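Comments concern the structure below.
No Cβ is skipped: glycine too gets one built from the backbone with ideal geometry, and neighbour counts run over all protein chains shown. Nothing in this text is a laboratory measurement; each read-out follows from the coordinates by a stated rule.
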Ligand SMILES: [Ca+2]
C-alpha cells in the first residue's frame, strides 16, 4: 500500500479560513487529494487536488465557530494512501455571555463579550416574549459591548438578542445571534 502523509498541522486560523500543512510520505507520489467538511455534516465534503510538490493549502469560505474534519490522501496514479486526518476549528464570530446588568422600571442595561474577530457593529433586537408586539432593533459601534434599552413596560418578559456584524463583502456578515430572556 501507499504510505500516508504525516504531521498534519494548522496555522493562520481565522473565522473563515485556516492553512493546513503536512509532510510527504517516504514514497513515490503523483499528487494529494484533500477533503474537508464541518464535523457531523452528512453530505459531500469539499475537495481539492493538490500538486505533489506542495505541502500546504489554505482553506477558505469556512463557517465561523466550526470544527472541520480534514482528510489528506497521497495519490500515486491509481493508488491512494489511507487518509491523514486532522480536526481544526475556525474562530467564532458570535458574542458571548449576554446579560442584563441593571434595570429600571422601563430600561435595561445589557452587556456581553466581543467575539475574537473585528466587529464593525452589533445589532441589538428586543421584543415582548410571546407578544403580537413589534420586535425593535438598533445598533451599537463594534468597539463597545454594552447597550441600554429604554422605553420598556414594567412587569413584562422580553427576549433580547445580539448579533456581531463584520463589514467585508456585499452584505455586512452578521454572526448567528445570542439571546436571553428577562422580565422587567
Ligand atoms: Ca468534535
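Rg/Rh for the stretch 72-181: what does it come to with C-alpha atoms and Rh from Kirkwood?
Result for the stretch 72-181 is an Rg/Rh of 1.26.
Over all directions, the projected convex hull of the C-alpha atoms in the chain averages 13.4 nm² in area. Using a Gaussian network model of the chain with C-alpha springs under 10 Å, which one of 81, 107, 42 is most mobile by mean-square fluctuation? Of 81, 107, 42, the most mobile in the Gaussian network model is 42. Modelled label positions at residue 114 and residue 39, each set 7 Å beyond Cα in the direction of Cβ, lie 2.8 nm from each other. Panel order for 121, 158, by other beta carbons found within 10 Å of each beta carbon, from fewest to most: 121, 158. Multiplying the residue separation of residue 146 and residue 11 by 0.36 nm and removing their Cα-Cα distance gives an extension gain of 45.4 nm.
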